[PDB]
Structures are given as structure tokens and as C-alpha cells.
Amino acid sequence: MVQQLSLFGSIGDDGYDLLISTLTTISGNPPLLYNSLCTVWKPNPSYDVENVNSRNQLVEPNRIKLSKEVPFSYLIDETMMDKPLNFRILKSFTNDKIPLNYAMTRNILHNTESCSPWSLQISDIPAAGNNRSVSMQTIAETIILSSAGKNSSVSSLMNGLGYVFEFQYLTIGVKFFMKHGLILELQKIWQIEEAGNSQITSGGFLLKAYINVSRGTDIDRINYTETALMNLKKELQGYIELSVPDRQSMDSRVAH
Amino acid sequence: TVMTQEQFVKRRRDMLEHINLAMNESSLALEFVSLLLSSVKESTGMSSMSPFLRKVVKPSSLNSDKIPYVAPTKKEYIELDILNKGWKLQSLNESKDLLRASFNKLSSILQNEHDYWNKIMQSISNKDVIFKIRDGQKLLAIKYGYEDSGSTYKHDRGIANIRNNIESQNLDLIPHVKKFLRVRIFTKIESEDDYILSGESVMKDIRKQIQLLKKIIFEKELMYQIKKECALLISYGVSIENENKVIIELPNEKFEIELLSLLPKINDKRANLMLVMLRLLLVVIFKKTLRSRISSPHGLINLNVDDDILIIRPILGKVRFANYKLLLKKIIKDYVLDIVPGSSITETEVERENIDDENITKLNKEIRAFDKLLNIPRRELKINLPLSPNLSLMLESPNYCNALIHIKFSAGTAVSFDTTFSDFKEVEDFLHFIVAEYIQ
Amino acid sequence: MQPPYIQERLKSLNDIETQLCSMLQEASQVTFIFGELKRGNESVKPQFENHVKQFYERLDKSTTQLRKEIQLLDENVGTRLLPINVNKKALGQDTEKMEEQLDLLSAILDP
Amino acid sequence: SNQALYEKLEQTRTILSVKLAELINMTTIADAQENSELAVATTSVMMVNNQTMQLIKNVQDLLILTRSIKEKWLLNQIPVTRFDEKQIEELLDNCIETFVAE
Amino acid sequence: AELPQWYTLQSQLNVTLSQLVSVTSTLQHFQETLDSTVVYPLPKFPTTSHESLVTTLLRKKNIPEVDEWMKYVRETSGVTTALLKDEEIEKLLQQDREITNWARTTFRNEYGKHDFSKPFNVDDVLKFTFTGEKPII
């Protein structure tokens, strides 16, 4: 039952290298290029559901997401094999042009036997208590390891659990593992659609500084991670501003 | 010039007496004015009088009157004017001398500062890191420690204050003693007696000084990690003498690794080789700690002794594995080759063996470069036999300092043995039974 | 060794300190020359004019040079200076000393 | 910080421009007005103790400013193969063979 | 035995010097009616018992140090009354003030010669990330 103590921000494309150097000086760790193709599944509109659950507590339907990596050979467009996989490759990715397309993501989802590992993440709206200076969100996640059968595609498995595909996005970025377990990611996001890819983070990089805590009941750990985040904020003042994003923005519930 | 305490204290005393005289004259003027003011005010003059003046004289003790308005004459106009001209000239001369002396002293100080900054820019590279420090004076301290490059060592951080030496025309580093560790190799004479030495390793400028301090802190780190490692190897002929020297006792040799401050022998080359193996293995520890801090968010904070040090264990395992190969070859020759009417033995090396980013793949391949240095020594000795009996013995060591033998035997005249042994005396009688029961 | 821009800014600031040092020499000379022309000498009057002129032009050039030095210092806060105040880290020393022991080991193996 | 450097540099520049001119300008005689030897003495000592060494203090303060910005330029910089994998492996196995010497 | 901080000491010295200037300027503003009033003791002053006190408090003699230094600067002026006529002294002072006027207008003309951000919306991107709708542009 993890809690993400998180702050958010944004930079332009011109200040990306400056922020990379600054965070390298802060942490002592080089940035780490990463990707995660996140596929989002909403409950089936043809299925009549009940607002109640197995117990007597009434809940909203929620989009549940599946995330996994894509190999970078599938993101290299046969023109940049020579440059190594580092933070410098994110300057080329500014427009909507991404080699990973809707046909190949559909091929990945439909597995056209055994399936690749996935991470199933379910997240509610962040906490409404206006006394925490950082955004606290609750995420429950499993690791889907393998699959088999004549109906082994992960999309049809999600249909069997009752969720249909809604949208998917590929995020590519660099992260820092700085002092005392704070993960700061800096990423671009593209939405993968049959009509064509679209750069959601248009002309800039999105910043997410988060800490994962296994027990959100541990108030001492919550306060320690929060004051680590504010220490990072104080260290980053003057250059970039860290602020709490909207809970309506971070809510993943299905509206009706 | 040079200024001394006695000249300082006489200047202190004379300026104290001059300020005393100035205060005395100003107070005398003030009390004259207040005693005259009490003639017509009687209240505010009493505030500025002295207590002594109030004790001696009463207020309204003085009176003054208007003598007629007089215009001063041109003779005293020109006398005051020529006084003004001369005294302004004297003040101009004093200002000239003060400005000249200040320019000379400030020129000397700025030549010293220009030499200091030229030394800084010819001395310091951009790779080096400098920070300000107090004592309250500002000083530049260069950080040469390995703690941000893989080391986990809170006992002594690498900080050196940079100071200017005009006499040496350079910059000197003050650590906020020179001790290098060298290795003694002791061999044994063929009389079961005390060991005798047979080889040992060998023992200004800004870059040389930075490299020297980095070498001292690195080699102190090496001895501290070796001393921490040696506590778990006490049962394998490894001991610590005086917390700065370790001793490795071998059935044929003897290694003394001592850290201390301050002719061609046979084993000098081996001494230098194993010394640079020690240094490279500590570099491998630093790279593994860096790889942990890159692959995990929490990162490695402290090193486990049995899992993550591995300095003397790989080299000691390799020399003990060579000795175990010698003993296994002797046992095979005595109990198999001397029994059968002619056979041969061959040796084979058997081997058994996402996160794509430039830095982590460099770390992975740059650890796998010394993977062969850090791996378990493993070797299979297979012996051919007249016909179809086949025999092999794979010698291996899971912990670096022990020995295990996995023996594989088969025959066509049937049985199949795949057994494991922890010592050599068991292998002796097992090979004897194999060659007495099936080969012969 | 150091970047040539850092070298140029160091030499410019050292030149600035040199002009500010000779500022006091020029002021001393101006007060001196005013001294003898108040004593009564008149042949040194163009020297007085030239010394005051060179004092003021030295002040102007040094102050404008320092002004554009501060301008460059504030301008380069994003190009080649840290936008925040933080102590840097020592990196790569493990790789460099790995390289030097590889060089030493290769030297001992191959004479 | 840089606004303070702006203000200090501008104020020191203006007072250096005015100060020596005032130092020599007050060396005048009129029947501004000095009708007493006390006025003469006070103006003459305030020359040395108010104009000359305020020029000294202004030059020294600007020199402190130049050293501060020089130190800032030195400190606040941003920080900016020969051996290949088979070569390390070959050199290491040769080194191990020579070290064992069997 | 231990000196105060030099900035504070210099500030105190500057205040002392400025107050000396202020008392000199006040006395200059009252130059008349101060040379025009002479002061005598009254009978109720104890004069037999404290003649030294009344003469010390009413002395107009200043110290031999300051008188010898004024005589020194009078001698080092380079011109004196003892061997020059008053008309020559007056014309020398007139040409002297002319030279000072030239110097100050030279200062005047020399001084007059020189001069004295958001690429996108974090909320919109995260609302896409959790719901799927495009950011509004």
C-alpha cells in the first residue's frame, strides 16, 4: 500500500541540459534514460456495474493502467544507432514523430503465446487534506508476470477482468536517484493513437520528484520524506518552482 | 615594513593620551559655555556642567556684555588668508603622501593577488571541486575524496585547504602524514623454518600534490577495508598484527601487507602485481557501490564484509587454487596414472554466465572486465583411459579459501558416479577404489 | 586547463584591479601637481590638465569595464554558471585511477 | 546579490567621480567661507580625514567587490576510450598468469 | 586592551569629525556677537580660592603644539608678510584664487565630458495522464 510523496514542475527544451547539469551537481549521479509504455483500461460501458462492492461501501469506477518498458531499438529510427543511450537523446525528441506507432503498440497488446511483464497500477485522487505541502497519492500495483492459453493476449485478459482499452501514452525521460530515496524524473509524454502520435508535453519536459513509502501510516516517515522534498524545493528555488498539481488533474476516476 | 608589539603599544598609548587631551579640551569648552549659559538660563547650563564645577562654583558666576560691532581689518584678512593658503598646502602635501603610500602598499598586495590568481588558474582544473571554508577568514578548500566517486568512508573525508606560497611560487595543500602500504613476500626454505623475504613492492607541484593526497586517502581506504575483511578470514590463515598490518600465512609463502610511513629480488614483480591487484579490486568495490547507487533509489550506504569487500579473498583463492591443483594433480598421478599402464590428463576451464543506458552499461561492462578476476576459480581435469571408462574431476571453491571436488566416473564394462568431496584424503581412497574396481 | 572564457574574465578583472591601483597613483600625482601650482609654479599647468584627464578617463573605463563584467556574470548564470548555490561533487576519480593502475600494470607486464 | 553589486558599484563610481574634485575644490579662499583659523583648521583636517581616505575606502571597497566576483566566477562554474573490453581481459589474464607463475 | 571593530570605530570617528564640523559651522554662523562679547567673572565666583580654575576656564591661549604647527605652515606657505608688501600679498592671493578657479572649472568640464516561461500546463498534462483527454490549446 505505497504512498507517493510527489512534487511537479516543468522546464523548456532549452533549459533541459542546464537542469541535467544542475541535478548532476546536486545528486552526484548521472541521469538514467528510461521509458514505460502505459496502457490505460476503463471498465466496460456495456457492463452494468453496481456502485457498491463486495462489502457495503460504495465506490466509483476507476481507470486502471498497465505499464512496461519498450526496448530502445524500437525507439531508434535506424538513424541514431551511433549515439549512445544517454540524456542527450531527448533533445531530438521534440515533435510528434516517434517510431513507436499504434499498429506496433496494438501488436504488443495482442501479443501477435507468453506475454511480457507488466505493472498494473491503480491510483485514486490525492488526499483532500489541505495541510500537506506535497501531493500525496495512493497507488496499488501488481506485477503481471506471464500468460498462456489460446486467449493469452493481455488485452483479452483485461477484457476478462472487465476493462476495455481507452488510451495509451509512451513516456521517455531521465531520472536521478538522489539522497535518501528521492526519485526525480524528467520526461516527455506522447499519446499513441491510430490517428497519429501527439506530443502532450509540447516544447518542454515534465518534472516529477517523488518518494515511495511502503507504510503511509508511519507519520514520522511521511514527515521525513515531506521535509526531504521541501529541502529539494529550497535547494531548487530561484531556478525552477516546485508546486502541487491539481487533484482534479491527478484523479483517474471515470466521470459520469 | 614589519611592525612589532612594543611599537604597537607605544602608538596605542600615545593615541590614547591624544584622545584624552581632545576630550579634556572639548569638555573644558563645553563647561565654559554651560557656566556662561547658566547666567541667563540657570537650568540647561547645570546639565552640562561638571559635578566638580557645581561643587566649586555656583551658577550665574560669569557675565558678558556687548562690545561694539567691529569690522576686521584687511591686514588680518590677508594674514588669515595666507594662513589658510599655507595650511591647505600642508594638508595637500599630507594627502599626497598618504595617497602615495596607499598606492605603493596596495600595488604590492595586488601583485601578490595577481600571482595568487595566476597560480590558481595554472594549478586547478575544472574537474576539481573547491568550496569556501572558515576557521572567520575565507579559505579555499579542494575536495579530493572518493566518497562521491564510490567510497563509503566517514572516518576521514578528503579535504585540503589551498594556501599560497610566494617563496615556492606555488600553492600548498594542508589536509583538513605520508603513509603508503607495500607488500612483503616471504618464501620458506626447505627445512621447515622461519620465512625469509624474497620480494617487495616499491615506495612540490600542484598536480603531484593532489595525486599524492588522493593516493594517501585511497590507500588508507584500502588498508581499512582489508582490516575489516580480515576479521572473517581468521580460520583461513589470515590475521591482523597492529590494526595497520595484515598477515597471510600460506603452506609455502607468507604475505605481509603493512601500512607505514618513511636489491633486485625475484618476487618484486609479483609484489607489484598483487599490489596493483589490491588497488584495482578496491576500484571494483567503488564501482560496485556506484552501480548499486545507480540501480537502486536508496543506494548502498554501508558495505557488507562477507558479500561486498572481496579484496584479498580472490587473490588468496587463486594461489590456494593453484596449490589445490598441484595437490589434485599429485593425487591423480599417484593413485591413477601410477596404477594404470599409461594414461593422460587434460585440463579444461568450464564457464557459466532491460536497463539500457550509457552510464549503467559502462558500469556493467566495466565490472565484467574484472569479472574474471573476481570469479570462482574452477577447473575440470579429465583423464583418458584404455578401452570405455571415463573419469573427470572438477575442482571448485564456493568460498574462496576452501576446496570442493566433484568427481564424475563412468564405465562401459554400467555404473555412474557423480559425487562431491570437501577434502583431498577422501578423493585419495575414492580414486583408489575406482582404479581397483573398474579400471583394473 | 581552465576554459579560455574564465581565463579572459580573470585577466579582465586583474586589469580592473590594476587600473584601480593606479587610480590612487594618479590622484596622488594630481594633488602633488596642484601642490606646486598653488606654491606658484605655472609651467606645469598642462601636466595638471593631462593628469586630471587621465584620472577621469581611467575611472570611466574601469567603471564601465566592471559594469559589463557584472553584466557578463549575471548573463552567464544559465550558460556556464550554476543557477543555484550548491557545492559540487567529485566524480570519475575511480575511473581515472582505474586507468592509471591499468597503465601501471601494462607497464610492469610489458617492459 | 547582483542588484547589490549594481548599487554599490554605481554609488562608489559617483562618489569617486565627485570626491577628488571636492577635495581640491574646497582648497579655495574667500573673504566656502572661512573667517576663522578654526574654520581653516577644521576644513584642512577634514580634507585628509574625509576626502582622501574616503577615496581610499571607495577604491578598497571596489577591490573587495572585484575579488568577490572573481571568486564567484572561480567557484560557481558548471562541471564539464583508451582501454577496450578485450584489452582489459587480455591484460588481466596475462597479469594473472605472470602472478601465479606455474 | 582589545580594539573595537574597525567599521564601528571608523563610524564613531566620522560622527565625531562631523560634529566638530557642525560646531565649527555653528560658531561660524555666530561669528558676530561672539567676538563682540567679552566675558568676566562675577564677584560671587570664588576668585581668590580658584584663580587657576577661572583662568583655565577663561583662557584664550591655545597650546604651543598648535601654535608651532601654525607657524610651521605659515613658513612653508612659501610667502610671508615680513618681506612682501600688502598690495603684493593681495595680488598674489588674487592670482592664487584665479588659479583655483581655473582648476575647478577644469574639473567641471572634465567631469561633464564623461557620463556619470511555461511550455505547457502541468495540470493539463497530468489530467491527460490520468484521464486521457487532450490538453486544451
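We just call them A, B, C, D and E in the order they show up, numbering each chain from 1.
We adopt the following convention: a contact is a pair of C-beta atoms (placed from the backbone, for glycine too) under 8 Å apart; a residue touches a chain by one contact, two chains touch by 3 or more.
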B-C or A-D, whichever has more C-beta pairs in contact: B-C
Relative to chain E, chain with the most remote C-alpha centre: A
Centroid-based (C-alpha) most distant chain relative to chain D: A
Centroid spacing, where centroids are CA-atom means, of chain C and chain E in whole angstrom: 34
Centre-of-Cα separation between chain D and chain C, whole angstrom: 9
Centre-of-Cα separation between chain D and chain B, whole angstrom: 33
CA centroid of chain A to CA centroid of chain C, Å: 50
Touching two or more other chains - residue numbers and ranges from chain D: 13, 17, 23-24, 27, 29, 35-37, 45, 55-56, 59, 63, 70, 74, 77-79, 88, 95, 98
Touching two or more other chains - residues of chain A: 22, 24-25, 28
Residue numbers of chain B (touch at least two other chains): 81, 83, 85, 87-90, 92, 95, 99, 102, 106, 110, 113, 117, 126-127, 129, 131, 148, 269, 273
Graph class of chain-chain contacts, one of line, ring, star, complete, other: complete
Pairwise chain contacts, counting only pairs that touch as defined: A-B, A-C, A-D, A-E, B-C, B-D, B-E, C-D, C-E, D-E
Chain B contact footprint on chain E (complex, rising order): 32-33, 35-42, 44-46, 50, 53, 56-58, 70, 72-81, 86, 89-90, 93, 96
In the complex, chain C residues that touch chain D: 3, 6, 9-10, 13, 16-17, 20, 23-24, 27, 30-31, 34, 38, 55-56, 59, 63, 66-67, 69-70, 73-74, 80-82, 85, 88, 91, 99, 102, 105-106, 109
Complex contact set, residues of chain D against chain E: 13-14, 17-18, 21, 24-25, 27-30, 33, 35-39, 42, 45-46, 49-50
Residue numbers on chain C that touch chain E, as the complex places them: 34, 37-40, 48-49, 52-53, 56-57, 59-60
Residues of chain A defined as touching chain C within the complex: 15, 18, 22, 24-28, 235-239
